[PDB]
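The structure appears right after this line, and notes come after that.
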Amino acid sequence: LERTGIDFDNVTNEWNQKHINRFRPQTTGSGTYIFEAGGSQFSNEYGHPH
Amino acid sequence: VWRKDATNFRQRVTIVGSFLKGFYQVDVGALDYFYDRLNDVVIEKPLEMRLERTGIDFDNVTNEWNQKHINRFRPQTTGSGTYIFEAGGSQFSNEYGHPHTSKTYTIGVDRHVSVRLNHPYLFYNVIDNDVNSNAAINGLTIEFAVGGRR
Amino acid sequence: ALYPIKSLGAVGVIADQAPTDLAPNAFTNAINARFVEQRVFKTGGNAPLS
Amino acid sequence: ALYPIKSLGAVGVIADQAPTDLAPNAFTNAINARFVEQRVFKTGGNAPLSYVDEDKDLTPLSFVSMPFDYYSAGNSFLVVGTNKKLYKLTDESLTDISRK
Amino acid sequence: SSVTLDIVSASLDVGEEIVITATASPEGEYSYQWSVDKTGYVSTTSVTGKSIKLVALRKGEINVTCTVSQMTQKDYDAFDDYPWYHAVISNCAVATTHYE
Amino acid sequence: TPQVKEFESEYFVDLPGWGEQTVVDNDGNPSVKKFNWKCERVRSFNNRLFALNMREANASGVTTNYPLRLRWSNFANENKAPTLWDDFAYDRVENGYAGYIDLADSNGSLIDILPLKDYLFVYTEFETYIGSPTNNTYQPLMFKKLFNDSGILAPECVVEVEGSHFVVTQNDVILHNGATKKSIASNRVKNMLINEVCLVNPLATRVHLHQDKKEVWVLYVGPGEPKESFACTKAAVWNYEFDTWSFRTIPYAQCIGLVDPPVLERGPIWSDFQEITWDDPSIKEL
Amino acid sequence: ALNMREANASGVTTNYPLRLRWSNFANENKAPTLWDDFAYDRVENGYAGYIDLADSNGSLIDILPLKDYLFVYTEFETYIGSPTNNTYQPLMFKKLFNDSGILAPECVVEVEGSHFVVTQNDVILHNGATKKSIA
């Protein structure tokens, strides 16, 4: 799964920097996922992983 | 080009029967063929886009007649390119305001465009004359204050 | 208060109308532009063919 | 204020659109995924299948599950075709019923 | 110039074939277009060739003819204000200009 | 030839009456003759059988291709297939009429055909049609034009889901219930599917109604593959219950279909593994 | 009648899983009295016959009426029955669906101008020409 450009425009301003700390999912069943995350200082580029 | 963008499964192209003694494609990379009667020769130049909106009174936010100091436009573009922003205004509402400045918003480096105006009726224009640009504009976010009136 | 300007391509050129009574996502004049419901970008140019 | 992200499966992939102007329950790309209106989970993979040991060396081009046949009992079978011949299998043996 | 044929009559039976050849007096190059008075009763192939093959199909008399024509160049007058429109039917195209 | 397989038979055989055409000689003496007829696709509808792009031959057998010809046979019988394809019947001097219409459209090739709630829907990459079958009269089927731009991509890129059709109109997906069409991929995956399918082999695109889970995917060849390959690799699955798009991979499918599984997976029994043991003799995925 | 095992002279039976016969009209406190399709051949009303449907997987298992319109189910390719007053074709059956089809011979029942069917994958509730999914 892949989604880019999460600007939080519906909460705060886009250009504002946002410190990301945690994702609190609500899963179901058994498994073992492999989460990946990243970003970019711009809006056009597919951010690099972190 | 190796792989040109396609608009059909069979990769069909729209062609034109031109007055310039030949065929021409209508929707292709940035290039415009403008004819000149002086020397009777065909001339190719970059495709010039122009957006224009006048009379931005901010009536949905503040009063129209109130003067508004314009500082920045914070767009959210997509892709690569190099735009040429223009902006201006006028102390009235009927006149197409005169320009005040112009800046280039190259994507990947700049995050905004800095313009200084205080006319109450703002107007902004967008131009893209580059040949190697395939950018896009989803939306803007203007930073402005409020002065006075009369 | 909030002053967002989104969906720049939801509606395109609106002339013959008081420009000081339109929406922020409209334009009084345009050329060589292409909109799809959320976006604006330069229209594909021209080129010969033989 | 509140910032919930629910119904991750209400809408799936939305490409060709400004990713910075979509909803939080959307994705710019996906593969091998399955959504039902509130949820997302890995799509069922693939695996081989052989009614008999003779079909594992065949490149079929098309087939149909015939449910009945006068000679056959109340059991379904397959009518599979290949580049040159038409075969039939019913979980017990392979037969070439190509028109002679 | 005058055209003549060495064949003027023939007796056939349904199912039998025959081939006729057209030859003009001069040895020049011309176009051919075969015609038939009563539709049916025969089958033609490559009507634009100097040698046609016929196949009796039904009972009845008939009188076949071959129209030789010396095609030549001809220029149209489809100006810019009266261009072509180029409809389409049964994979066939049309010109449909003014004055023609 | 289509090479039908009868219900009470164990071998394949050519269709009966395929090529039959009634001829009337002098004085009105009827007779029948068989000609070399070759087709490209055959389907069933209204207890009849159809044909597309018939290579109808004749005496003096230089074949003349009629890419817009479309023949239909008589009604079915008890556990048998139709037995008459000749349009020139009832000429030997009431019911069971066969014929054709010889449509007139653009780009022809009359590739595909599919029924929908008693109404046919012909597709030829442009200028779709509709089939209105009557009870019995001179004109049993009257075809009326429906669209000017709509048209299926490949011969098997259409399937019924819910009183509608899932078609690929050379530019996107459409879902029309009849007299009105929509776009399921207007500005979401259009530029992605067109790009991914327009590279290697678009004509290999296929579809399948995954009714088991309310999904209709459109199979197509992967991005990187030989230009001579027809094994679909990727698939764009769409759920018609919640209108969501997703993709996946398939194991090089030349075809697809639904069928019951082997006895070992159709529900086995303890007293069936009399020859099988725990040493997984070529069977582990149980 | 459904899935008739119609025999004949030289009585090696030939199964016709798609055959469907219909009898004449009822009488006063009695059942129909004619099933033969080849009547009126001895040289006006009361016609019996069949259509010999053409569908997939056959077996013509179930049948049920709905507001003067029959609804045949055979696990696939459902149908509809349109009865006319009286003519050569008293009933003209038109295809309705391509995936719908009842599961067992008695998995359908009318509730409110509709049918409660099990289409091999879920429950459906169609009023006619349109179906839904209750599960």
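We label chains A, B, ... in the order they appear in the structure tokens, count residues from 1 in each chain, and number ligands from 1 in the order shown.
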
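Close contacts of residue F:73, defined as residues with an atom at most 8 Å away when counting only C-alpha atoms, with chain neighbours fewer than 2 positions off set aside, comprise residues 48, 49, 50, 71, 75, 82, 83, 84, 85, 86, 97, 98 and 99 of chain F.
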
With N, CA and C atoms retained, export the selected residues as a compact mmCIF listing (two decimals), in the first residue's frame.
# COMPACT_ATOMS: atom_id res chain seq x y z
N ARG F 48 -30.76 -19.22 -29.49
CA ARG F 48 -30.16 -19.19 -30.81
C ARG F 48 -28.64 -19.14 -30.69
N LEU F 49 -27.98 -19.29 -31.83
CA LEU F 49 -26.53 -19.15 -31.93
C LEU F 49 -26.20 -18.08 -32.95
N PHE F 50 -25.12 -17.35 -32.70
CA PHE F 50 -24.72 -16.21 -33.51
C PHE F 50 -23.33 -16.44 -34.10
N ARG F 71 -24.99 -13.79 -38.59
CA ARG F 71 -26.06 -14.75 -38.79
C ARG F 71 -26.56 -15.28 -37.46
N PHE F 75 -34.18 -21.98 -33.22
CA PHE F 75 -34.23 -22.24 -31.79
C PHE F 75 -33.63 -23.60 -31.47
N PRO F 82 -28.77 -26.14 -32.40
CA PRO F 82 -29.52 -25.79 -33.61
C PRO F 82 -29.10 -26.61 -34.82
N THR F 83 -29.96 -26.69 -35.83
CA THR F 83 -29.72 -27.53 -36.99
C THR F 83 -29.95 -26.80 -38.31
N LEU F 84 -30.11 -25.48 -38.29
CA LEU F 84 -30.35 -24.73 -39.52
C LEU F 84 -29.70 -23.36 -39.41
N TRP F 85 -28.81 -23.05 -40.36
CA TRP F 85 -28.19 -21.74 -40.46
C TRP F 85 -28.52 -21.02 -41.75
N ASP F 86 -29.22 -21.66 -42.68
CA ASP F 86 -29.47 -21.08 -43.99
C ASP F 86 -30.49 -19.95 -43.89
N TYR F 97 -36.89 -18.93 -38.20
CA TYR F 97 -36.25 -18.11 -39.23
C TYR F 97 -34.82 -17.77 -38.84
N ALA F 98 -33.93 -17.83 -39.82
CA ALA F 98 -32.53 -17.46 -39.67
C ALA F 98 -32.18 -16.37 -40.67
N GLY F 99 -31.31 -15.46 -40.27
CA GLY F 99 -30.92 -14.40 -41.18
C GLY F 99 -29.82 -13.54 -40.62

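Look at residue A:13: the protein and nucleic acid residues within 12 Å of it, using only C-alpha atoms and passing over chain neighbours fewer than 3 places away, are residues 6, 7, 8, 9, 10, 16, 17 and 18 of chain A; 74, 75, 76, 140, 141, 142 and 143 of chain B; 2, 3 and 4 of chain C; 20 of chain D.
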
Residues from the last selection, C-alpha atoms, saved as a PDB file, in the first residue's frame:
ATOM      1  CA  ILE A   6      -0.296  13.727   3.482  1.00  0.00           C
ATOM      2  CA  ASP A   7      -0.435  17.476   4.096  1.00  0.00           C
ATOM      3  CA  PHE A   8      -2.950  17.420   6.983  1.00  0.00           C
ATOM      4  CA  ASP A   9      -4.641  20.344   5.230  1.00  0.00           C
ATOM      5  CA  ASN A  10      -7.897  19.287   6.911  1.00  0.00           C
ATOM      6  CA  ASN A  16       3.926  23.688   8.382  1.00  0.00           C
ATOM      7  CA  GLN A  17       6.385  21.036   9.516  1.00  0.00           C
ATOM      8  CA  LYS A  18       4.820  18.179  11.474  1.00  0.00           C
TER       9      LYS A  18
ATOM     10  CA  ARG B  74       1.727  29.072  -0.919  1.00  0.00           C
ATOM     11  CA  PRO B  75       0.790  26.681  -3.749  1.00  0.00           C
ATOM     12  CA  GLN B  76       0.758  22.878  -3.709  1.00  0.00           C
ATOM     13  CA  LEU B 140      -3.035  28.024  -3.470  1.00  0.00           C
ATOM     14  CA  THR B 141      -3.007  29.629  -0.028  1.00  0.00           C
ATOM     15  CA  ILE B 142      -2.513  33.401   0.047  1.00  0.00           C
ATOM     16  CA  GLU B 143      -1.074  35.093   3.133  1.00  0.00           C
TER      17      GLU B 143
ATOM     18  CA  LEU C   2     -10.015  29.882   7.530  1.00  0.00           C
ATOM     19  CA  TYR C   3      -9.203  30.926   3.960  1.00  0.00           C
ATOM     20  CA  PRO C   4      -8.391  27.817   1.896  1.00  0.00           C
TER      21      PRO C   4
ATOM     22  CA  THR D  20      -2.076  16.138  -1.507  1.00  0.00           C
TER      23      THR D  20
END

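In this model, the gap between atom CA of residue E:95 and atom CA of residue E:82 comes to 11.3 Å.
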
Give me the residues near stretch 56-62 of chain G as a PDB file with C-alpha atoms, in the first residue's frame, where near means some atom within 7 Å (using only C-alpha atoms) and where sequence neighbours in that chain fewer than 5 positions away do not count.
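Output below, filename result_18.pdb:
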ATOM      1  CA  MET D  66     -19.594 -28.719 -18.443  1.00  0.00           C
ATOM      2  CA  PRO D  67     -21.819 -29.893 -15.556  1.00  0.00           C
TER       3      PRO D  67
ATOM      4  CA  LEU G   2     -39.006 -29.564 -14.594  1.00  0.00           C
ATOM      5  CA  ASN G   3     -36.288 -31.927 -15.829  1.00  0.00           C
ATOM      6  CA  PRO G  17     -32.998 -31.336 -18.266  1.00  0.00           C
ATOM      7  CA  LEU G  18     -34.154 -28.102 -19.948  1.00  0.00           C
ATOM      8  CA  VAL G  72     -37.208 -20.004 -13.449  1.00  0.00           C
ATOM      9  CA  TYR G  73     -33.986 -20.840 -11.609  1.00  0.00           C
ATOM     10  CA  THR G  74     -31.368 -23.393 -12.644  1.00  0.00           C
ATOM     11  CA  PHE G  76     -27.427 -19.943 -13.377  1.00  0.00           C
ATOM     12  CA  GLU G  77     -29.132 -17.867 -16.072  1.00  0.00           C
ATOM     13  CA  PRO G 105     -34.917 -26.696  -5.446  1.00  0.00           C
ATOM     14  CA  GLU G 106     -36.651 -24.952  -2.511  1.00  0.00           C
TER      15      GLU G 106
END

| message | If we count only C-alpha atoms and set the cut-off at 12 Å, which residues sit around residue A:40, ignoring sequence neighbours fewer than 6 positions away in its own chain? Please answer as number ranges by chain. | response | A: 4-7, 15, 17-18, 46-50; B: 108-109, 111

Writer output for current selection, C-alpha atoms, as a compact mmCIF listing (two decimals), in the first residue's frame:
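The resulting file, out-v2.txt, is shown below:
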# COMPACT_ATOMS: atom_id res chain seq x y z
CA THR A 4 1.88 10.15 -0.74
CA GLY A 5 1.32 13.80 0.04
CA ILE A 6 -0.30 13.73 3.48
CA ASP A 7 -0.44 17.48 4.10
CA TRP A 15 3.65 24.07 4.60
CA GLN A 17 6.39 21.04 9.52
CA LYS A 18 4.82 18.18 11.47
CA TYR A 46 7.70 10.94 -3.76
CA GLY A 47 9.48 11.25 -0.43
CA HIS A 48 12.46 9.11 0.51
CA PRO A 49 12.06 6.48 3.25
CA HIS A 50 13.25 7.20 6.78
CA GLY B 108 11.84 21.18 -6.00
CA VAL B 109 13.63 24.29 -4.68
CA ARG B 111 8.10 26.48 -1.52

| query | So which residues touch residue C:33 within 7 Å, counting only C-alpha atoms, skipping near sequence neighbours fewer than 4 positions away, as a list in words? | reply |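 My reading of the contact set: residues 49 of chain B; 40, 41, 42 and 43 of chain C.
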
Could you save the residues just selected, with C-alpha atoms, as a compact mmCIF listing (two decimals), in the first residue's frame?
# COMPACT_ATOMS: atom_id res chain seq x y z
CA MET B 49 -0.12 29.14 -20.95
CA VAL C 40 -4.54 22.55 -13.51
CA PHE C 41 -1.63 22.00 -15.88
CA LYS C 42 -0.40 23.12 -19.28
CA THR C 43 -2.22 21.63 -22.25

| query | stretch 223-226 of chain F: which residues within 7 Å, counting only C-alpha atoms, same-chain residues fewer than 6 positions away excluded, as a list in words? | reply |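 Listed by chain and then number, they are residues 196, 199 and 200 of chain F.
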
Can I get the residues of chain B within 8 Å of chain F, each with the closest pair of atoms and their distance in Å to one decimal, using only C-alpha atoms, sorted chain first then ascending number, as a Markdown table?
| residue | atom | partner | partner_atom | distance |
| --- | --- | --- | --- | --- |
| B:5 | CA | F:195 | CA | 6.9 |
| B:6 | CA | F:195 | CA | 5.8 |
| B:7 | CA | F:194 | CA | 6.2 |
| B:8 | CA | F:171 | CA | 4.9 |
| B:9 | CA | F:198 | CA | 4.5 |
| B:10 | CA | F:198 | CA | 6.1 |
| B:11 | CA | F:198 | CA | 6.2 |

| said: Can you pull out every residue from chain A that DSSP, working from the backbone, puts in strand (DSSP E), and format the result as JSON, numbers by chain? | reply: {"A": [38, 39, 48, 49]}

| task | Name all residues at most 12 Å from residue A:24 (count only C-alpha atoms; drop same-chain ones fewer than 6 positions away) and give them as a ChimeraX atom specification. | result | /A:35 /D:4-6

Which chain F residues have any atom within 10 Å of an atom of chain E, and for each, what is the nearest pair of atoms with distance in Å to one decimal, counting only C-alpha atoms, rows sorted by chain and number, as CSV?
residue,atom,partner,partner_atom,distance
F:23,CA,E:57,CA,7.9
F:24,CA,E:58,CA,6.6
F:25,CA,E:58,CA,4.0
F:26,CA,E:59,CA,3.4
F:27,CA,E:59,CA,7.0
F:28,CA,E:59,CA,8.7
F:29,CA,E:58,CA,8.9
F:30,CA,E:58,CA,9.9
F:58,CA,E:43,CA,8.4
F:59,CA,E:43,CA,6.8
F:60,CA,E:43,CA,6.6
F:61,CA,E:45,CA,8.7
F:62,CA,E:45,CA,7.0
F:63,CA,E:45,CA,9.6
F:64,CA,E:45,CA,9.8
F:66,CA,E:90,CA,9.2
F:67,CA,E:90,CA,8.9
F:68,CA,E:90,CA,7.4
F:102,CA,E:90,CA,8.3
F:103,CA,E:90,CA,7.2
F:104,CA,E:90,CA,4.6
F:105,CA,E:89,CA,6.0
F:106,CA,E:91,CA,6.2
F:107,CA,E:91,CA,6.4
F:108,CA,E:91,CA,6.5
F:109,CA,E:91,CA,9.5

| said: I need the contact residues of chain C against chain F, so if you could list those with any atom within 10 Å, counting only C-alpha atoms, and return them as a PyMOL selection string, that would help. | reply: chain C and resi 36-38

Atoms kept (N, CA and C atoms) for selection, written as a PDB file, in the first residue's frame:
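Listed below is the output, out.pdb:
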ATOM      1  N   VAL C  36      -8.734  18.724 -14.411  1.00  0.00           N
ATOM      2  CA  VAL C  36      -9.529  17.562 -14.027  1.00  0.00           C
ATOM      3  C   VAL C  36      -9.881  17.632 -12.547  1.00  0.00           C
ATOM      4  N   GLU C  37     -10.931  18.389 -12.230  1.00  0.00           N
ATOM      5  CA  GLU C  37     -11.684  18.305 -10.982  1.00  0.00           C
ATOM      6  C   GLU C  37     -10.884  18.637  -9.725  1.00  0.00           C
ATOM      7  N   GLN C  38      -9.559  18.676  -9.814  1.00  0.00           N
ATOM      8  CA  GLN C  38      -8.763  19.090  -8.666  1.00  0.00           C
ATOM      9  C   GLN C  38      -7.465  19.787  -9.036  1.00  0.00           C
TER      10      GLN C  38
END

| message | Using only C-alpha atoms, I'd like every residue of chain A that has an atom within 8 Å of chain B; please write them out as a ChimeraX atom specification. | response | /A:15,42-45

| message | Given only C-alpha atoms as the basis, pick out the residue of E:6, E:16, E:37, E:80 nearest to chain B. | response | E:80

| field | chain D contacts to chain G at 12 Å (only C-alpha atoms) as a list in words | value |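 Result, ordered by chain then number: residues 64, 65, 66, 67, 68, 69, 70, 71, 74, 75, 76 and 77 of chain D.
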